[PDB]
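The chain that follows stands alone, in the form solved without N1-carboxypiperazine (BZP), written as structure tokens.
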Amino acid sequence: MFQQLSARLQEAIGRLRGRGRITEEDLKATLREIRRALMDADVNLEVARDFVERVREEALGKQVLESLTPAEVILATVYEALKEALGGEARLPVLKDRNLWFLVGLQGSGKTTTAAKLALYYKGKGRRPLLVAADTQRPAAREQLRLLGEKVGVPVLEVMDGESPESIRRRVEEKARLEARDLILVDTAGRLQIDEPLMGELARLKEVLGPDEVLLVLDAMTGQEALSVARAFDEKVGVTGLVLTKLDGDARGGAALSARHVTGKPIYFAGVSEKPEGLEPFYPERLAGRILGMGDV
């Protein structure tokens, strides 16, 4: 993800090299080019306009027009604007004494495999996780998480067909007490679209289990639809943070860039492969530097 945009931002910056100091009109040209690059990456007009305005202000504050290397000033101000757009400071969930967390999202989002890779990440950090396969319609969606829990050495509780939220709560509390579980990761059901009985069911489970966090797992390769999905889940269920998967995929990147400010939720993790190990903390500085061709490729 972000190939064309990364190329197009780098090319805009590169066009400023070797020319001496630049003029006001030269700066305006570069700024429209950044705005176009963003919009071609599917950033909407308002977010792209805000981004460019930030770059303009910052670059003028660094006296870009008086620099012998204006490309470097633009690189720095684009970098920072990208970092800020992606969230600024890296963030994660608060771990406290009791940690019960929902993973929500659509079919194909990376939800179930993210649950398992999350289980493993936290086990490696000294937590003691329990995975809950919470689709009460589909034995095979539950199964799938079972075999991923075995892979990663993290225990699993599968809900029964049609199980009530109160029984789930009981069986989960019983197992958590018996097994000393101190991070319960609830893999809510995945469908192809927003199943409305689905959203209601999920809201009821949420009222009953009272999760500390509700993590919505979004496939980055699906585009602007992701931010509509985010709004829908936040309004029908209520979500506390994001995970963006398939950032290793080939796709534009503009919605991901816009997600922090559009959804108002932190991005805690990004999935970077199909493997259990392929989910790591989301580091706004790292994707931003990367996008601009700095650091480790």
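Throughout, we count residues from 1 along the sequence that is shown. Heads up, when I say rigid core I mean the largest set of C-alphas that superpose within 1.5 Å between the two forms.
What comes next is about the form deposited with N1-carboxypiperazine (BZP) bound, which is not displayed.
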| property | result |
| --- | --- |
| Whether 9, 51 and 231 all lie within 4.5 angstroms of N1-carboxypiperazine (BZP) in the bound PDB entry by heavy atom | no |
| Contact assignment for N1-carboxypiperazine (BZP) in the bound PDB entry, among 98, 170, 204, 151, heavy atom within 4.5 Å | 98 |
| Interface residue in the bound PDB entry among 64, 55, 43, 270, criterion: non-hydrogen atom within 4.5 angstroms of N1-carboxypiperazine (BZP) | 270 |
| Which of 153-161, 71-79, 118-126, 90-98 lines the interface with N1-carboxypiperazine (BZP) in the bound PDB entry (heavy atom within 4.5 Å) | 90-98 |
| Contact flag, residue 280 vs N1-carboxypiperazine (BZP) in the bound PDB entry, heavy atom cut 4.5 Å | yes |
| Non-hydrogen atom contact residue 247 with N1-carboxypiperazine (BZP) in the bound PDB entry at 4.5 angstroms | yes |
| Contact of residue 286 with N1-carboxypiperazine (BZP) in the bound PDB entry (heavy atom, 4.5 Å) | yes |
| Rigid core superposed: residue 256 CA moves 2 Å or more between the shown form and the other one | yes |
| Core-superposed comparison between the shown form and the other one, residue 270 Cα displacement 2 Å or beyond | no |
| Residue 125 C-alpha moves between the shown form and the other one by 2 Å or more, core aligned | no |
